[PDB]
Amino acid sequence: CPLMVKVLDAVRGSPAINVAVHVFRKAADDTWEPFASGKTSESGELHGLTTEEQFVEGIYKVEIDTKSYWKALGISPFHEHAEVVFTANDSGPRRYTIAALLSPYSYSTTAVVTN
Amino acid sequence: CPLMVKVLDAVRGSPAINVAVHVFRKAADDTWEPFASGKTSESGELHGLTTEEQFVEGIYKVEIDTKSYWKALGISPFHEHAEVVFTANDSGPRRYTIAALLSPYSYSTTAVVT
Amino acid sequence: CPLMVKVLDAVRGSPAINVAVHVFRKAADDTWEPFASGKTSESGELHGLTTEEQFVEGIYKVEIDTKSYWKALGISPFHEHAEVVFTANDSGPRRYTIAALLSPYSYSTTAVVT
Amino acid sequence: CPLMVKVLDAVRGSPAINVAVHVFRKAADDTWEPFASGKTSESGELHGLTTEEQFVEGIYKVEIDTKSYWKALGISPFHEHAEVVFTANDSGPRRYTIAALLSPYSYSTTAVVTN
Ligand SMILES: O=C(O)c1cccc2c1oc1c(C(=O)O)cccc12
């Protein structure tokens with residue numbers, strides 16, 4: 001599990017469950033091609049998106065559908081979604097944990113990278 | 001205005017208005033003595049808390065009554081209040097802006113020193 | 001000034017100066033078309049990006065070149081850039097302030113609509 | 001483990017290791033009495049601070065010595081420490097995860113509360 005996404009709800013103080021996440025990889029033609037997708041679990045985590053064999057060097061985009069999440073709770077959010085764009089494995093394989101802390105009009109995203 | 005406090009509401013995307021703020025300075029006996037207080041304005045800001053003459057080197061505590069703010073909106077918050085404790089260095093012309101971004105179960109505080 | 005962008009540096013506790021910002025509007029063909037751009041000032045702010053006449057309802061993308069900012073300071077950042085995508089509602093007098101608090105491996109973005 | 005503290009470093013993108021944490025409980029005389037303390041592990045987490053039997057209703061203060069952490073890295077931080085004050089178990093026993101994301105001049109703290 002070289003890529004893990006964790007989403008938390010800062011309004012309710014709980015994991016953000018059933019949040020849709022789409023991952024893309026920048027293609028040679030500067031186009032974003034679908035790479036993997038899924039929904040966060042009851043723990044607010046999404047595991048098994050890819051394997052170290054498939055997760056090669058490149059630029060990736062993790063899109064978190066925050067809008068749908070807030071609408072389901074009856075809250076009109078500001079952002080359409082949260083995006084995290086980064087270069088991965090440029091100096092060798094690494095393990096990435098992408099966390100997003102969500103509020104209707106604000107979100108923070110942090111990355112923890114290990115070997 | 002060497003010290004300014006700004007409070008924002010991350011739930012509504014607006015300044016946090018009428019938020020009580022208390023500032024304390026640590027006394028020689030390690031006790032927190034009242035220094036200044038006020039409530040944020042319609043812009044979520046609190047100016048005029050002190051003067052450069054009064055704002056001497058020391059350890060200060062800025063307490064933001066976040067609990068009362070959320071209760072007024074009908075939301076049960078997690079924290080009793082938000083606290084920012086820092087040392088005023090006083091090494092060259094310096095203005096301190098303390099900002100707090102509030103959510104019911106989370107808050108971030110940032111300091112911009114210029 | 002219906003749209004304003006503010007960028008702060010959480011590592012140095014100061015405004016993030018000379019940060020390139022590009023704004024895009026989603027076109028009818030779902031394509032991102034250039035809308036406005038500029039660089040933050042000494043106060044970390046970027047004003048005058050557009051006018052209320054030009055700023056019509058739609059989906060906008062604000063791209064902040066955070067990578068170049070950190071590289072100039074000798075720090076290898078995680079993100080390529082920071083993106084804020086939102087819908088301008090245009091339902092009553094509304095000013096949008098988009099703020100981004102930057103750290104090498106983390107950033108937060110908040111919107112204050114007044 | 002009704003109380004867990006997690007500390008992350010937003011500058012290096014890693015867990016904040018060996019961070020001193022002191023927990024206090026407000027006494028009947030409005031005084032902060034020592035409750036528990038420890039240091040974060042290699043994962044940036046601190047477990048085993050207390051038990052559900054000892055963790056009774058009350059107001060608690062979790063103090064994170066962020067200043068020492070940054071000084072060890074050669075960075076002059078703004079805050080003396082990070083404090084999190086909250087009422088716990090007022091409506092029954094709950095599990096609390098207190099997370100702190102650290103930067104030299106900024107920090108965010110979030111709480112995830114479960115049953
Ligand atoms: O001015 C706004 O509209 C504004 C909006 C959202 C967040 C911040 C703002 O000013 C600051 C400062 C600051 O001014 O020092 C510091 C941290 C966060 C913010």
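A quick note on method: Cβ atoms are made from the backbone with ideal geometry, for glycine too, and the neighbour counts reach across all protein chains shown. Nothing in this text is a laboratory measurement; each read-out follows from the coordinates by a stated rule.
Applying the condition of being more than 11 Å from every other protein chain (Cβ to nearest Cβ) and not aromatic (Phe, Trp, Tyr) to region B:59-80 and asking which residue is farthest from the chain's Cα centre (by Cα) yields B:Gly74. Do we have C:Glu42 as within 14 Å of the ligand (Cβ to nearest atom), surrounded by fewer than 15 Cβ atoms within 10 Å (Cβ to Cβ) and either touching a residue at least 24 places away in the same chain (Cβ under 8 Å) or more than 10 Å from the chain's Cα centre (by Cα) (or both) here? When the stated conditions are applied, C:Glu42 passes them.
Does C:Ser108 fit the bill of being assigned to a loop (DSSP other than H, G, I, E, B) and either within 14 Å of chain D (Cβ to nearest Cβ) or touching a helix residue (DSSP H, G or I) at 6+ places or on another chain (Cβ under 8 Å) (or both)? No; evaluated as a whole, the condition is false for this residue. Looking across region A:1-51, the residues that are of a type in the set (A, V, I, L, M) and assigned to a strand (DSSP E or B) come down to A:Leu3, A:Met4, A:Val5, A:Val7, A:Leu8, A:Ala20, A:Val21, A:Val23, A:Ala36, A:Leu46.
If the condition is being more than 18 Å from D:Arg94 (Cα to Cα), of a type outside the set (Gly, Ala, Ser) and surrounded by 14 or more Cβ atoms within 10 Å (Cβ to Cβ), then region D:42-54 contributes only D:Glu45.
Results for (1) touching a residue at least 40 places away in the same chain (Cβ under 8 Å); (2) surrounded by 14 or more Cβ atoms within 10 Å (Cβ to Cβ); (3) within 14 Å of chain C (Cβ to nearest Cβ), shown as yes or no for each residue.
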residue: A:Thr40; (1), (2), (3): no, yes, no
residue: A:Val56; (1), (2), (3): no, no, no
residue: A:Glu63; (1), (2), (3): yes, yes, yes
residue: A:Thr66; (1), (2), (3): yes, yes, yes
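If the condition is being away from the ligand (no atom under 11 Å from the Cβ) and either crowded, with 24+ Cβ neighbours inside 10 Å or of a type in the set (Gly, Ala, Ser) (or both), then region B:103-114 contributes B:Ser103, B:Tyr105, B:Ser106, B:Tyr107.
Within the span defined as region D:36-54, every residue fails to be within 19 Å of B:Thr109 (Cα to Cα) and within 10 Å of the chain's Cα centre (by Cα).
Tallying residues that are within 14 Å of the ligand (Cβ to nearest atom) and of a type in the set (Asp, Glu) within region C:45-55 yields 1. Residues that are closer than 13 Å to A:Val19 by Cα and buried (at least 21 other Cβ atoms within 10 Å of the Cβ) within region A:81-103 comprise A:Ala82, A:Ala99, A:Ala100, A:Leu101, A:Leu102, listed in sequence order. Going by the structure shown, is B:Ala16 buried (at least 21 other Cβ atoms within 10 Å of the Cβ), touching a helix residue (DSSP H, G or I) at 6+ places or on another chain (Cβ under 7 Å) and under 27 Å from A:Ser103 (Cα atoms)? In short, yes. Taking the criterion of being under 16 Å from the mean Cα position of the chain (by Cα) and away from chain C (no Cβ under 14 Å), would at least one residue in region D:100-110 satisfy it? For region D:100-110, residues under 16 Å from the mean Cα position of the chain (by Cα) and away from chain C (no Cβ under 14 Å): absent. In this entry, A:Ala27 is excluded by the filter for residues that are out of contact with any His (no Cβ under 8 Å at 6 or more places or on another chain), within 22 Å of D:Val112 (Cβ to Cβ) and of a type in the set (A, V, I, L, M, F, W, C).
Looking at C:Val23, C:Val11, just one residue is of a type in the set (A, V, I, L, M), within 14 Å of chain D (Cβ to nearest Cβ) and either in contact with a helix residue (DSSP H, G or I) (Cβ under 8 Å, 6 or more places away or on another chain) or within 27 Å of A:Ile64 (Cα to Cα) (or both), and that residue is C:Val11. Check region C:81-101 and report whether any residue there is away from the ligand (no atom under 16 Å from the Cβ), crowded, with 22+ Cβ neighbours inside 10 Å and within 14 Å of chain D (Cβ to nearest Cβ). No, that holds for no residue.
Residues of region D:52-79 that are assigned to a loop (DSSP other than H, G, I, E, B) and hydrophobic (A, V, I, L, M, F, W, C): D:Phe55, D:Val56, D:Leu73, D:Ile75, D:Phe78.
Considering C:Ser91, C:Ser106, the condition of being under 19 Å from B:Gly13 (Cβ atoms) and among the polar types (S, T, N, Q) is satisfied by C:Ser91 alone.
Could you pull out the residue among B:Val62, B:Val23, B:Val7 that is in a strand (DSSP E or B) and more than 16 Å from the ligand (Cβ to nearest atom)? That would be B:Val23, the only listed residue that is in a strand (DSSP E or B) and more than 16 Å from the ligand (Cβ to nearest atom).
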